[PDB]
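Encoded as structure tokens, the following chain is the form deposited in one PDB entry, with no partner shown.
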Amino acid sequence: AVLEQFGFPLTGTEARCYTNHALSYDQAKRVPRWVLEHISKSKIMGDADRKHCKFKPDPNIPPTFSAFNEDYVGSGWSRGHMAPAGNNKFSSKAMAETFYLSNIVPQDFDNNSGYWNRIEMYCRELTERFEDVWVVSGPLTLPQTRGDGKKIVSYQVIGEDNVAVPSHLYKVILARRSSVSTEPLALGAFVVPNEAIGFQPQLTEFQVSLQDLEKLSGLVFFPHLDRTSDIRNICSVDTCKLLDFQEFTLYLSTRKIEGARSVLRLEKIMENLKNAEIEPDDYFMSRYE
């Protein structure tokens, strides 16, 4: 009665639902705590274009606890989306909502454009083999051992709003073969350091057990999931193989054909500069013919 006379303090951790993702926001760190999304074959197809979008504060966040572009611009860290724009080609609105800063963490440039991008590509690749893919992604600030042997959590904050820069990122992938398939569910949890990572490390190297990630993150993922349901490691029922340099450079150059002038030859000179082979790539003619 009298204890709650003026209300309990507010943490602001309630789930916020958008068109194709949901998130819980961390008001102290100015970053999401988790972002849940659902991927299917039809959702990664469409005409939504990120070039019509722009990062902006989430109007649903109280501005005292929101990040702003001034925090990121000039900080040496990129704006890293947790729910990617590439998963929302089907809806201009869903894609534009992924550019709210409530979906964004400070991320290393090479990591966001490289390794983490390839992990996002693999999740979309999974929709060719599973009807439905659920993904939870978010930031982590993990401890390290200090010179005297004590354990310490240390992370940079940037801007006037002290946006927290995570030391690692996590992704939980849950895939279901079909709505009526009796097959087991595929589940994987991964933790990737927020730094440049090349093509030598395989995705299985960053895998962790779901119980481990839950203890590190203070969250419990997919709490409605039946624990006696057959759930297999996604690295056992699938490959968890990311694209190599040739596949990645080839896929990116195919994407780049949607460009406006005849700078395609410069784009074509880059392909033989890295000595990638002559893939079909018939989009060259489907672009001009």
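Position 1 is the first residue in the sequence shown; the rest follow in order. If you superpose the two forms and keep the largest set of C-alpha atoms that fall within 1.5 Å, you have the rigid core.
Keep in mind that the form deposited in another entry is missing from the display, and what follows is about it.
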Entry of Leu264, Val237, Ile44, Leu243 that shows, once the rigid core is matched between the shown form and the other one, a C-alpha shift of 2 Å or more: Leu264
Core-aligned C-alpha movement of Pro9 between the shown form and the other one, 2 Å or more: no
Large Cα move at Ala276 between the shown form and the other one, threshold 2 Å, rigid core: yes
Cα distance between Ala260 and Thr249, which in the other entry differs by 3 Å or more from this form, closer or farther: closer
In the other entry, shift in Cα separation for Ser113 relative to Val263, 3 Å or more: farther
